[PDB]
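Novice: Contents of upload32.txt (compact mmCIF, C-alpha atoms and all ligand atoms) are below:
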# COMPACT_ATOMS: atom_id res chain seq x y z
CA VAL A 248 136.66 149.19 193.86
CA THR A 249 134.26 148.68 190.87
CA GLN A 250 130.63 147.46 191.20
CA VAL A 251 128.64 145.18 188.87
CA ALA A 252 126.08 147.90 188.03
CA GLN A 253 128.81 149.70 186.09
CA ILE A 254 129.58 146.89 183.53
CA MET A 255 126.38 144.81 183.61
CA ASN A 256 124.19 144.54 180.49
CA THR A 257 120.89 146.29 181.18
CA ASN A 258 118.69 144.08 178.89
CA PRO A 259 118.32 140.63 180.50
CA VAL A 260 115.58 138.62 178.76
CA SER A 261 112.64 137.90 181.16
CA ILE A 262 109.23 136.24 180.88
CA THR A 263 106.40 135.86 183.35
CA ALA A 264 105.53 132.39 184.78
CA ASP A 265 101.91 132.51 183.51
CA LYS A 266 103.20 132.28 179.94
CA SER A 267 103.18 128.98 177.96
CA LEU A 268 106.18 127.04 176.81
CA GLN A 269 105.02 127.92 173.27
CA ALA A 270 105.50 131.58 174.24
CA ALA A 271 108.79 131.04 176.23
CA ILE A 272 110.69 129.33 173.49
CA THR A 273 109.22 131.95 171.16
CA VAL A 274 111.07 134.66 173.11
CA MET A 275 114.23 132.48 173.52
CA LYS A 276 114.61 132.05 169.77
CA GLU A 277 113.96 135.73 168.94
CA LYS A 278 116.36 136.91 171.64
CA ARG A 279 119.12 134.37 170.99
CA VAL A 280 119.36 132.94 174.51
CA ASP A 281 119.35 129.47 176.08
CA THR A 282 117.44 130.53 179.20
CA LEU A 283 114.76 132.86 180.45
CA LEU A 284 114.82 134.81 183.73
CA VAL A 285 111.50 134.59 185.53
CA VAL A 286 110.01 137.69 186.94
CA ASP A 287 106.61 138.72 188.43
CA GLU A 288 104.16 141.46 187.45
CA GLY A 289 106.29 143.95 189.46
CA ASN A 290 109.52 142.55 188.06
CA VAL A 291 110.87 140.81 191.14
CA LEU A 292 113.20 138.07 189.91
CA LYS A 293 111.85 134.61 190.82
CA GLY A 294 113.79 131.94 188.97
CA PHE A 295 114.96 130.86 185.55
CA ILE A 296 113.89 128.35 182.81
CA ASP A 297 116.17 126.20 180.55
CA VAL A 298 115.88 125.20 176.88
CA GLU A 299 116.37 121.63 178.15
CA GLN A 300 113.59 121.76 180.69
CA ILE A 301 111.38 123.02 177.96
CA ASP A 302 112.42 119.94 176.00
CA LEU A 303 112.17 117.36 178.81
CA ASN A 304 108.74 118.44 180.02
CA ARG A 305 107.17 119.57 176.86
CA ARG A 306 104.48 116.87 176.61
CA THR A 307 103.16 117.38 180.01
CA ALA A 308 103.88 121.03 180.73
CA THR A 309 101.65 123.82 179.68
CA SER A 310 103.32 126.67 181.38
CA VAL A 311 106.46 128.32 182.54
CA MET A 312 105.72 127.84 186.24
CA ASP A 313 105.40 124.08 185.68
CA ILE A 314 109.15 123.92 185.25
CA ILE A 315 110.64 126.87 187.03
CA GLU A 316 113.95 126.68 188.94
CA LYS A 317 113.62 129.15 191.89
CA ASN A 318 117.08 128.56 193.29
CA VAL A 319 118.96 131.14 191.13
CA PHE A 320 122.22 132.70 192.10
CA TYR A 321 121.72 136.37 191.68
CA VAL A 322 123.92 139.14 192.99
CA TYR A 323 122.82 142.65 194.01
CA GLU A 324 123.51 145.72 191.92
CA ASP A 325 126.19 147.21 194.21
CA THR A 326 128.17 144.04 194.81
CA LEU A 327 131.87 144.17 193.92
CA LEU A 328 132.54 143.06 190.32
CA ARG A 329 135.66 140.94 191.15
CA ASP A 330 133.47 138.42 193.02
CA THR A 331 130.90 137.85 190.26
CA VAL A 332 133.61 137.65 187.59
CA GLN A 333 135.52 135.24 189.78
CA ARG A 334 132.32 133.08 189.99
CA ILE A 335 131.77 132.99 186.21
CA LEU A 336 135.43 132.51 185.22
CA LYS A 337 136.26 129.77 187.70
CA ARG A 338 133.13 128.47 189.52
CA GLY A 339 131.36 127.61 186.26
CA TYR A 340 128.25 129.88 186.30
CA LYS A 341 126.90 130.66 182.82
CA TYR A 342 125.94 134.28 183.66
CA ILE A 343 124.90 136.12 186.84
CA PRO A 344 121.62 138.11 187.07
CA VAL A 345 121.60 141.45 188.86
CA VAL A 346 118.92 142.89 190.99
CA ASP A 347 118.28 145.89 193.21
CA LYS A 348 117.57 145.97 196.96
CA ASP A 349 113.97 145.06 196.12
CA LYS A 350 115.22 142.00 194.19
CA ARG A 351 114.07 143.63 190.92
CA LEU A 352 115.68 142.27 187.70
CA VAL A 353 118.02 144.99 186.55
CA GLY A 354 120.90 143.44 184.54
CA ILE A 355 123.00 140.35 183.61
CA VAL A 356 126.71 139.76 183.61
CA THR A 357 127.22 137.47 180.63
CA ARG A 358 130.59 136.14 179.40
CA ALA A 359 130.51 139.07 176.94
CA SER A 360 130.56 141.23 180.09
CA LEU A 361 134.11 139.77 180.58
CA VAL A 362 134.97 141.08 177.09
CA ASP A 363 133.71 144.51 177.97
CA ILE A 364 135.96 144.33 181.02
CA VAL A 365 139.03 143.03 179.12
CA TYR A 366 138.49 145.56 176.27
CA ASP A 367 138.53 148.45 178.75
CA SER A 368 141.86 147.33 180.24
CA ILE A 369 143.62 148.19 176.91
CA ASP B 247 117.42 110.69 163.33
CA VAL B 248 118.91 111.58 159.89
CA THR B 249 118.97 115.39 159.97
CA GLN B 250 122.45 116.97 159.54
CA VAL B 251 124.24 119.85 161.27
CA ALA B 252 124.36 122.04 158.20
CA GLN B 253 120.56 122.41 158.13
CA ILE B 254 120.57 124.17 161.55
CA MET B 255 124.05 125.62 162.25
CA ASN B 256 124.10 129.46 162.47
CA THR B 257 126.07 130.55 159.37
CA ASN B 258 127.81 133.64 160.91
CA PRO B 259 130.61 132.47 163.30
CA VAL B 260 133.09 135.07 164.35
CA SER B 261 136.59 134.55 162.82
CA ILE B 262 139.84 136.32 163.05
CA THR B 263 143.17 135.57 161.37
CA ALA B 264 146.52 134.95 163.17
CA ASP B 265 148.14 138.29 162.15
CA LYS B 266 145.58 140.45 163.93
CA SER B 267 146.57 142.01 167.26
CA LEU B 268 144.89 141.43 170.65
CA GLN B 269 143.63 145.01 170.43
CA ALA B 270 142.13 144.00 167.07
CA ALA B 271 140.64 140.76 168.45
CA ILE B 272 138.86 141.94 171.59
CA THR B 273 137.47 144.71 169.34
CA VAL B 274 135.79 142.07 167.12
CA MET B 275 134.73 140.16 170.26
CA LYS B 276 133.07 143.16 171.84
CA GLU B 277 131.27 144.29 168.65
CA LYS B 278 129.95 140.78 168.09
CA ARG B 279 129.23 139.98 171.75
CA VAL B 280 131.31 136.76 171.91
CA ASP B 281 133.80 135.30 174.48
CA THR B 282 135.90 133.46 171.79
CA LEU B 283 137.24 134.02 168.32
CA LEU B 284 137.66 131.20 165.83
CA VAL B 285 140.86 131.22 163.82
CA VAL B 286 140.93 130.91 160.13
CA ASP B 287 143.67 131.48 157.55
CA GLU B 288 143.79 133.44 154.26
CA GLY B 289 141.52 130.81 152.65
CA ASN B 290 139.19 130.42 155.63
CA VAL B 291 140.49 127.06 156.92
CA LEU B 292 139.90 126.50 160.64
CA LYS B 293 143.07 126.57 162.72
CA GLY B 294 142.23 127.12 166.38
CA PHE B 295 140.56 129.55 168.78
CA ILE B 296 141.32 132.29 171.30
CA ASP B 297 139.55 133.30 174.54
CA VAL B 298 138.82 136.39 176.64
CA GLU B 299 140.67 134.38 179.26
CA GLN B 300 143.94 134.06 177.34
CA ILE B 301 143.71 137.52 175.94
CA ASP B 302 143.38 138.63 179.55
CA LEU B 303 146.27 136.53 180.86
CA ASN B 304 148.85 137.19 178.18
CA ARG B 305 148.08 140.90 177.50
CA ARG B 306 151.49 142.18 178.68
CA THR B 307 153.72 139.79 176.70
CA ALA B 308 151.58 139.02 173.60
CA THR B 309 151.09 141.27 170.55
CA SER B 310 149.45 138.94 167.99
CA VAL B 311 146.45 136.48 167.94
CA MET B 312 148.88 133.63 167.10
CA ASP B 313 150.81 134.17 170.35
CA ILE B 314 147.87 132.59 172.30
CA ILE B 315 146.02 130.40 169.79
CA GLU B 316 144.61 127.03 170.88
CA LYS B 317 145.19 124.70 167.90
CA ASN B 318 143.20 121.77 169.39
CA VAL B 319 139.60 122.60 168.36
CA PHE B 320 136.71 120.23 168.51
CA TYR B 321 135.02 120.58 165.18
CA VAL B 322 132.65 118.66 162.94
CA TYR B 323 131.81 118.47 159.23
CA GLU B 324 128.78 119.85 157.50
CA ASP B 325 127.13 116.40 157.03
CA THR B 326 127.72 114.92 160.51
CA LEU B 327 124.35 113.94 162.08
CA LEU B 328 123.06 116.74 164.29
CA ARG B 329 122.15 114.25 167.06
CA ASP B 330 125.80 113.52 167.89
CA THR B 331 127.03 117.12 167.92
CA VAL B 332 123.99 118.23 169.99
CA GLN B 333 124.53 115.41 172.50
CA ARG B 334 128.12 116.73 172.91
CA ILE B 335 127.15 120.29 173.88
CA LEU B 336 124.47 119.04 176.27
CA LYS B 337 126.16 116.33 178.33
CA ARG B 338 129.85 116.69 177.43
CA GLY B 339 129.94 120.41 178.30
CA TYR B 340 131.29 121.80 174.99
CA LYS B 341 130.31 125.50 174.84
CA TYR B 342 129.56 125.38 171.09
CA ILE B 343 130.75 123.40 168.07
CA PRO B 344 132.41 124.74 164.86
CA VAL B 345 131.31 123.23 161.55
CA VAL B 346 133.59 123.03 158.58
CA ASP B 347 133.16 121.81 155.02
CA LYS B 348 135.31 118.88 153.77
CA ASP B 349 138.28 121.24 153.21
CA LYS B 350 138.18 122.22 156.89
CA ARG B 351 136.63 125.64 156.01
CA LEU B 352 134.58 127.40 158.63
CA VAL B 353 131.01 127.52 157.34
CA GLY B 354 129.12 127.61 160.69
CA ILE B 355 128.79 126.92 164.44
CA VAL B 356 126.18 125.31 166.67
CA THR B 357 125.57 127.42 169.69
CA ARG B 358 123.39 126.87 172.72
CA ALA B 359 121.04 129.17 170.79
CA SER B 360 120.97 126.44 168.09
CA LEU B 361 119.18 124.22 170.59
CA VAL B 362 116.34 126.70 171.08
CA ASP B 363 115.81 126.49 167.32
CA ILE B 364 115.69 122.71 167.64
CA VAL B 365 113.34 122.87 170.62
CA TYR B 366 111.18 125.47 168.76
CA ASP B 367 110.74 123.22 165.68
CA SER B 368 109.62 120.35 168.02
CA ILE B 369 106.70 122.62 168.79
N1 LIG C 1 133.33 132.62 167.05
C1 LIG C 1 132.05 132.64 167.51
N2 LIG C 1 131.01 132.76 166.66
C2 LIG C 1 129.72 132.79 167.09
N3 LIG C 1 129.36 132.70 168.39
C3 LIG C 1 130.34 132.58 169.34
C4 LIG C 1 131.76 132.54 168.95
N4 LIG C 1 132.47 132.40 170.08
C5 LIG C 1 131.59 132.37 171.11
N5 LIG C 1 130.32 132.45 170.65
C6 LIG C 1 129.05 132.51 171.43
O1 LIG C 1 129.13 133.67 172.27
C7 LIG C 1 127.95 133.68 173.04
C8 LIG C 1 128.23 134.61 174.22
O2 LIG C 1 128.16 133.99 175.51
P1 LIG C 1 127.43 134.77 176.75
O3 LIG C 1 127.65 134.04 178.08
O4 LIG C 1 127.76 136.24 176.58
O5 LIG C 1 125.89 134.67 176.32
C9 LIG C 1 125.13 133.48 176.47
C10 LIG C 1 124.30 133.56 177.76
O6 LIG C 1 124.97 134.22 178.83
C11 LIG C 1 123.17 134.43 177.31
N6 LIG C 1 121.92 134.37 178.11
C12 LIG C 1 121.31 133.25 178.55
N7 LIG C 1 120.13 133.53 179.17
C13 LIG C 1 119.98 134.86 179.14
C14 LIG C 1 118.95 135.81 179.64
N8 LIG C 1 117.84 135.36 180.32
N9 LIG C 1 119.17 137.12 179.38
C15 LIG C 1 120.28 137.55 178.72
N10 LIG C 1 121.24 136.74 178.26
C16 LIG C 1 121.15 135.41 178.43
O7 LIG C 1 122.95 133.98 175.94
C17 LIG C 1 124.15 133.50 175.31
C18 LIG C 1 123.88 132.17 174.59
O8 LIG C 1 124.97 131.23 174.60
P2 LIG C 1 125.51 130.67 173.17
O9 LIG C 1 126.50 129.48 173.27
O10 LIG C 1 124.30 130.56 172.27
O11 LIG C 1 126.35 131.95 172.72
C19 LIG C 1 127.65 132.18 173.23
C20 LIG C 1 128.65 131.40 172.37
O12 LIG C 1 128.05 130.32 171.65
Give the structure from this file in structure tokens form.

Specialist:
Amino acid sequence: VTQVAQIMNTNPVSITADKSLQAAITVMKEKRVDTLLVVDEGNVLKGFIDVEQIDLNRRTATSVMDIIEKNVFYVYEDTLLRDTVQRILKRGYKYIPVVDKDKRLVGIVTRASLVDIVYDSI
Amino acid sequence: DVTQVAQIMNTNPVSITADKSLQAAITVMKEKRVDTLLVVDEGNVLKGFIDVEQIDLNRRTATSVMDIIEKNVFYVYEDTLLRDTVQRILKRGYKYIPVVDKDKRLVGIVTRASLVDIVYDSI
């Protein structure tokens, strides 16, 4: 039935991995998010960074790459919703980033995507 | 060391009261972009919380917010040391932590986006 592209939120907060921690937290505070999704010049999703990793490696870390986690679970645009929801609800994932066939960052399914979904079913 | 929660907590936590319907609740949740509502009475005293989850499960046989409230809330007072409440979210897996004044009145919560603030101050 329904795909993720339908309900996903089309404004996932990204930063490039050339940018400093000073700059990364700057965005994170403005945008009200505990992570950043890492993305290259052409917007191919590459990893994520944590607020914690910023805090553990702050003294000897100058940049976003210095602390990047490249093993992100993303899910393609046209995947079935049920699966990604099932992952977040039960398998503990905090949100699931959404890409296109070129692995370009295109959306996020946050817990407030579950609201959207539950709101619609009334 | 000696910094409190009140200093940092974000002072707009999303409440609802126990009369409101599920239709009413999920409305507030969507607007505000939040997976849970905190439950407060006429005089704003913290009582519990409801989820997207429970709203989703009990939809068919549940008209009111009270029908599915979770009365057992971890909460903390305004003047608790930040350090303890922060250490709870981080390594004890609490999703966020509601802060009350000494009359158990919701005055704030401490989100994962309260940590950024902390980490931002430290630089
Ligand atoms: N009664 C209430 N009053 C006030 N707030 C309430 C509340 N009940 C629940 N919440 C908050 O709702 C937020 C929504 O969770 P969600 O997974 O959509 O949203 C999460 C997370 O999925 C999202 N996020 C993280 N990295 C992101 C990125 N790179 N792009 C977009 N979103 C990101 O940022 C949000 C930050 O988590 P946080 O715990 O700060 O914020 C949570 C939680 O603290």

Novice: Enumerate as number ranges by chain the residues belonging to chain A that approach chain B to within 12 Å, with only C-alpha atoms taken into account.

Specialist: A: 256, 267-283, 297-306, 332-333, 335-337, 339, 341, 357-369

Novice: Tell me which protein, DNA and RNA residues are within 8 Å of residue B:294, counting only C-alpha atoms, leaving out same-chain ones fewer than 3 positions away, and put them as a list in words.

Specialist: residues 284, 285, 286, 315, 316, 317, 318 and 319 of chain B

Novice: Quick one, how far is atom CA of residue A:329 from atom CA of residue A:343?

Specialist: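 Atom-to-atom, atom CA of residue A:329 to atom CA of residue A:343, that is 12.6 Å.
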
Novice: For ligand LIG 1 (chain C), which residue among A:315, A:286, A:351, A:295 is the nearest when counting all atoms listed in the file?

Specialist: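 Smallest distance to ligand LIG 1 (chain C) is found for A:295.
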
Novice: Might you pull out every residue within 10 Å of residue A:324, with only C-alpha atoms counted and same-chain residues fewer than 5 positions away left off, and present them as a VMD selection string?

Specialist: chain A and resid 250 to 253 255 344 to 348 350 to 355

Novice: Considering only C-alpha atoms and all ligand atoms, can you say which of A:290, A:349, A:326, A:340 comes closest to ligand LIG 1 (chain C)?

Specialist: A:340

Novice: List as an NGL selection string the protein and nucleic acid residues near residue B:289, meaning an atom at most 10 Å away when only C-alpha atoms are counted, but skip any in the same chain fewer than 2 places from it.

Specialist: :B and (286-287 or 291-292 or 351-352)

Novice: So how far away is atom CA of residue B:252 from atom CA of residue B:346, in Å?

Specialist: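 Spanning atom CA of residue B:346 to atom CA of residue B:252 is a straight-line distance of 9.3 Å.
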
Novice: Of the candidates B:306, B:267, B:258, B:338, which one gets nearest to residue B:320 if we count all atoms listed in the file?

Specialist: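 Going through B:306, B:267, B:258, B:338 one by one, the smallest distance to residue B:320 is for B:338.
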
Novice: Need to verify the contact set: residue B:330, 10 Å, only C-alpha atoms, exclusion of same-chain residues closer than 4 positions in sequence. Can you return it as a PyMOL selection string?

Specialist: chain B and resi 247+250-251+322+326+334-335

Novice: So the first atom is atom CA of residue B:312 and the second is atom CA of residue B:263; what is the distance between them in Å, to one decimal place?

Specialist: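 Separation between atom CA of residue B:312 and atom CA of residue B:263: 8.3 Å.
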
Novice: Go through B:321, B:344, B:304, B:333 one by one, measure the shortest atom-to-atom distance of each to residue B:260 using only C-alpha atoms, and give the residue with the smallest value.

Specialist: B:344

Novice: As JSON, please report the centre and edge lengths, rounded to one decimal in Å, of the axis-aligned box that holds all listed atoms of stretch 278-297 of chain B with 5 Å of padding on each of the six sides.

Specialist:
{"center_x": 136.5, "center_y": 133.6, "center_z": 163.6, "size_x": 24.6, "size_y": 24.3, "size_z": 31.9}

Novice: Show me the residues close to (114.7, 135.3, 184.1) - anything with an atom within 7 Å, counting all atoms listed in the file - and format the list as a VMD selection string.

Specialist: chain A and resid 260 to 262 283 to 286 292 294 to 295

Novice: Please produce a file of the residues just selected, as a compact mmCIF listing (two decimals), keeping the file's coordinate frame, where the atoms kept are C-alpha atoms.

Specialist:
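Written out: again.txt:
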# COMPACT_ATOMS: atom_id res chain seq x y z
CA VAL A 260 115.58 138.62 178.76
CA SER A 261 112.64 137.90 181.16
CA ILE A 262 109.23 136.24 180.88
CA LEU A 283 114.76 132.86 180.45
CA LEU A 284 114.82 134.81 183.73
CA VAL A 285 111.50 134.59 185.53
CA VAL A 286 110.01 137.69 186.94
CA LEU A 292 113.20 138.07 189.91
CA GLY A 294 113.79 131.94 188.97
CA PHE A 295 114.96 130.86 185.55

Novice: Counting only C-alpha atoms and all ligand atoms, which of A:334, A:311, A:263, A:356 gets nearest to ligand LIG 1 (chain C)?

Specialist: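 Smallest separation from ligand LIG 1 (chain C) among the options: A:356.
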
Novice: Which residues are close to residue B:283, i.e. within 6 Å by only C-alpha atoms, leaving aside same-chain residues fewer than 5 positions away? Reply as an NGL selection string.

Specialist: :B and (260-261 or 295-296)

Novice: Kindly indicate which residue among A:249, A:331, A:257, A:318 lies nearest to ligand LIG 1 (chain C), using all atoms listed in the file for the distances.

Specialist: A:257
